[PDB]
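A single chain, nothing else alongside it, follows as structure tokens in the form deposited in one PDB entry.
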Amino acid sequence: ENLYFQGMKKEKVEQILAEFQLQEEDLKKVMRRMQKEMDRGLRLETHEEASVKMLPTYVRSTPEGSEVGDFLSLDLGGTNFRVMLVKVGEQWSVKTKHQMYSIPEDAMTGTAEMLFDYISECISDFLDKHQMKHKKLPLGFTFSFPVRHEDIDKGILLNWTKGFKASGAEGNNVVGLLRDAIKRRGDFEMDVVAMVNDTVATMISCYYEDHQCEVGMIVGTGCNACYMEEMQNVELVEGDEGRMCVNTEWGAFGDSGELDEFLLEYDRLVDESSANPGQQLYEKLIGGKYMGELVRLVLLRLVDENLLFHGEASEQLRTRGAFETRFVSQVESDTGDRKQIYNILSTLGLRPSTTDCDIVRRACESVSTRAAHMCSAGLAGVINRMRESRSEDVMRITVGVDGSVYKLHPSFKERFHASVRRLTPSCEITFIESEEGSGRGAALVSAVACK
């Protein structure tokens, strides 16, 4: 106890955690570099070298004329595969039935055949629970990975992200993989009419409640954004009229060195232990796949410096992935009595003091604040770019957001919004959380696409 020595340990911790700070000027630098890469990704000349791919989605404004009725929506992009029946009407969208399926490890890191076979199995199971596999529903596929589109319903997987590794997928038409798997099962038929990124689905789902929503952002397992770009700026697609949603794939920012001065030892460790070393470096500063692991490595450093847990780390603390991102949220939700923090740490086989709990909270805050601030630089770059491309002095825009980090973290949202606003003078940015965004957004796109 000896409060003096507790205080001294906390001072040393603060000196270590100071490394996570980003000054406003740092964020502006990141924002500018992001904007520079966004410009590069949109240009024919530089697209292939661009770290931020700015992928055209073939989701066009505004548009005109939607089909109505029942749509099946799929969502692949986390550990769970989701199937949803959505009714589209008048255009509104309502989730009518839904099921989530845990993807077996063997299917996420096995072959694309196994993965898409499992997907097809789940679709079959869902269509049977609700008596509908003979009805032919138009199908919208939210597929939350970088895809080079040829059209709304055709595009090649560029590379897996977020730990996905299924062989025989990269370079192939993802809709083709899905269609092939459905055919290889042969107990239901579906017209796959659209494939969209989760950012895009999120953005679209927010549109009907707020027509000013022209940005979608995900801060979940991964982190990405899309936005409505002027067709004249989308050099990768023919035509200069109207707007098309662009999937930034900003998670890959830094993959060509753009973040190097900001990457810490912890970031290097996360990256090197990941399924995609050297890739998705910006996302690895922010996404929930990585945030808890960053905290875990910070704690291990503090343990190594004899600042935490008597310098002894439990088996669990030394287990990859054991500090779940949800624990970061839960730690930062602690009311001050250290109870939630104590429970997490005790469950991790630790015997934490009050000071240990306080230090863990600081580590969590340091990592999640950096995530919020880094993320803000990306969103600010996008919004500032849109303002510039457009013809009003104050841009009022809405950003639709989904993802467990943004939605569930007690403080990320607040820090993120504040930082975005500091970075976006002359913008008025409304943030809306999507409600069943993937499923409803995919259906809404499908309801236009299936014409």
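By rigid core we mean the largest C-alpha set that fits within 1.5 Å across both forms. Numbering starts at 1 and runs along the sequence shown.
Discussion item. Zero if continuous, otherwise a range: how many residues of the deposited sequence are missing coordinates between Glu90 and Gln91 (none, 1 to 3, 4 to 9, 10 or more)?
Written reply: Unresolved stretch here: 4 to 9 residues.
Worksheet item: Comparing 238 to 246 with 294 to 302, where is the mean C-alpha B-factor higher?
Response: Result of the comparison: 238 to 246.
Discussion item. Highest mean C-alpha temperature factor of the two stretches 108 to 116 and 196 to 204, which is it?
Written reply: It is 108 to 116.
Item to complete: Identify, among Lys339, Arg361, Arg318, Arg179, the residue whose C-alpha carries the highest B-factor in the deposited PDB entry.
Response: The record points to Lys339.
Worksheet item: Of the options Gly400, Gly403, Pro56, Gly65, which has the highest CA B factor as deposited?
Response: Within the set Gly400, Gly403, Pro56, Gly65, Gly65 shows the top C-alpha B-factor.
Worksheet item: Which third, lowest, middle or highest, does the CA B-factor of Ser391 fall in along this chain?
Response: According to the entry, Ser391 has a C-alpha B-factor in the chain's highest third.
Worksheet entry | Where the record places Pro138 (Cα B-factor, split into thirds across the chain) | Answer is highest: the recorded C-alpha B-factor places it there.
Practice prompt. Pull the Cα B-factor of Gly216 out of the PDB entry and bin it into the chain's lowest, middle or highest third.
Written response: Its C-alpha B-factor belongs to the lowest third of this chain's values.
Fill in: Third assignment of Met34 from its chain's C-alpha B-factors
For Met34, whose C-alpha B-factor we compare with every modelled residue in the chain, the answer is the highest third.
Fill in: Among modelled residues of the same chain, the CA temperature factor third for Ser61
Its C-alpha B-factor belongs to the highest third of this chain's values.
We do not show the form deposited in another entry, though everything after this point is about it.
Worksheet entry | From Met231, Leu236, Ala112, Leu317, residue displaced between the shown form and the other one - CA threshold 2 Å or more, rigid core | By this measure, the answer is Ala112.
Discussion item. Quick check on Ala194: with the core superposed, does its CA move 2 angstroms or more between the shown form and the other one?
Written reply: Yes, shifts by 2 Å or more.
Worksheet item: Hey, does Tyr101 budge by 2 Å or more at the Cα between the shown form and the other one once the core is superposed?
Response: Comparing forms between the shown form and the other one, the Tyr101 CA shifts at least 2 Å.
Practice prompt. State yes or no: after fitting on the rigid core, is the Cα displacement of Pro138 between the shown form and the other one at least 2 Å?
Written response: Yes, the C-alpha moves 2 Å or more.
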